[PDB]
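Single chain ahead, by itself, as structure tokens, in the form described as "open conformation" in its entry title.
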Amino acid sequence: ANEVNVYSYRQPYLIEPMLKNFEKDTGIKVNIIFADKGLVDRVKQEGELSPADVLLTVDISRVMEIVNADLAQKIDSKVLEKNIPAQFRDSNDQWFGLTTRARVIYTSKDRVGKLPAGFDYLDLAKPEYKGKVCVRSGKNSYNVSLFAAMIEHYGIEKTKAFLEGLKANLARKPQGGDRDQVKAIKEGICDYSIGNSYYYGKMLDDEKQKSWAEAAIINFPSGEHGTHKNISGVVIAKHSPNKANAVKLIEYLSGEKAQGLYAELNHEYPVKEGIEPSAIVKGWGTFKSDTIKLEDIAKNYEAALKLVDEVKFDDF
């Protein structure tokens, strides 16, 4: 044992409970380094001497930043294979999803209500939604990843046409984050937004923002390819000094002792099949998740960035 060093983009309080439980079960000391927007630079600068064991981050774009900075090592683990569905881990064994986040469509509770069953992201590009849609910058990773999935499913031409239609329907210049779009729904600026599911929980947890969530309905797209999921996950650092402990830790985080808790704390979904979401998350509804591999989203990420620039999505 001795220890394991977790460099985390995610705030320590959102990961500490499961790490404390791991410590109790194994006797392995878990050190948390809050690398924040750090994280690649810090580990790269620390180089061969870096104590980093587990790199914990959020969004496939950040996972790819780590992999593409040559900071990952390949891990062969039957536990990770069994616990994590293949779509939420690397076929090339360098990264592993631990939770998912759904990119959903929020609607005005009063002015729209629940979306009809069958509603797709694609429907937001239809002319009837002109002036009614709020989305943050198209270059934001949450959106680029969604568009990358669309490239996989539909190709660049159809995705480009979608982006053009979506742009045409925006109520305002893309601005702010996902929560800001729901604030805009609350204030009647728009009736539809795209945003991550977990924000609904985060807003309800906040005294000011709860009214934003209360004015909106969370809708899980239910077209052909269902609801887009992105991930939080982990990578074992290239120069991990406590590799065995590190692998033990991520195996633990992938399993039934940690999955429910970790997802619950973050209002996310567990990756491990059979683990329930929290009561609050479950209450938002059940839905079909896209089966697309996150590595295929990563593959199309650059093309999606290119398409966003081509259509000048943020230009109003």
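From 1 onward, residues are counted along the sequence shown. Think of the rigid core as the biggest set of C-alphas that the two forms share within 1.5 Å after superposition.
**Student:** Do the C-alpha atoms of 3 to 11 or of 306 to 314 have the higher average B factor in the entry?
**Tutor:** Averaging CA B-factors over each stretch, the winner is 306 to 314.
**Student:** Look over 101 to 109 and 173 to 181 in the entry and identify the one with the greater average Cα temperature factor.
**Tutor:** Per the PDB entry, the higher value belongs to 173 to 181.
**Student:** Using the temperature factors in the entry, find which of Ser289, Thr26, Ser61, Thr57 has the highest value at its Cα atom.
**Tutor:** Largest recorded C-alpha B-factor: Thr26.
**Student:** According to the deposited entry, which of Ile218, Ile189, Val234, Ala237 has the largest Cα B-factor?
**Tutor:** Answer, based on the entry's C-alpha B-factors: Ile189.
**Student:** Give the position of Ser278 by CA B-factor within its chain, expressed as the lowest, middle or highest third.
**Tutor:** According to the entry, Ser278 has a C-alpha B-factor in the chain's middle third.
**Student:** Within this chain's modelled residues, let me know which third the CA B factor of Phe119 belongs to: lowest, middle or highest.
**Tutor:** Middle third of the chain for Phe119's C-alpha B-factor.
**Student:** Test of reading the entry: by CA B factor among the chain's modelled residues, which third contains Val79?
**Tutor:** Highest third.
**Student:** Would you please rank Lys272 by its C-alpha temperature factor against the other modelled residues of its chain and give the third it falls in: lowest, middle or highest?
**Tutor:** Its C-alpha B-factor, which the entry lists for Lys272, ranks in the middle third among residues of this chain.
**Student:** Relative to the other modelled residues of the same chain, rank the CA B-factor of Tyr129 and answer lowest, middle or highest third.
**Tutor:** Highest third, going by the recorded CA B-factors of the chain.
Just so it is clear, the following notes concern the form described as "closed conformation" in its entry title, a form of the same protein that is not shown.
**Student:** Go through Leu166, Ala246, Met203, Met150 and flag the only one whose CA is off by 2 Å or more between this form and the one not shown, rigid core held fixed.
**Tutor:** The one that shifts is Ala246.
**Student:** Do you see a C-alpha shift of 2 Å or more at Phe287 between this form and the one not shown, with the core held fixed?
**Tutor:** It does not reach a 2 Å shift.
**Student:** Does superposing the core leave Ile189 with a CA shift of 2 Å or more between this form and the one not shown?
**Tutor:** No, its C-alpha moves less than 2 Å.
**Student:** Superposing on the rigid core, I want to see if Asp178 changes position between this form and the one not shown - specifically a Cα shift of 2 Å or more.
**Tutor:** Stays below the 2 Å threshold, so no.
**Student:** With a change of at least 3 Å, which way does the C-alpha separation between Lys288 and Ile275 go in that other deposited form: closer or farther?
**Tutor:** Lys288 and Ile275 sit farther apart in that other deposited form.
**Student:** Can you confirm the direction of the Cα distance change for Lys288 and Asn83 in that other deposited form, closer or farther than in this form, given it is 3 Å or more?
**Tutor:** It is farther: the C-alpha separation of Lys288 and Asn83 rises by at least 3 Å in that other deposited form.
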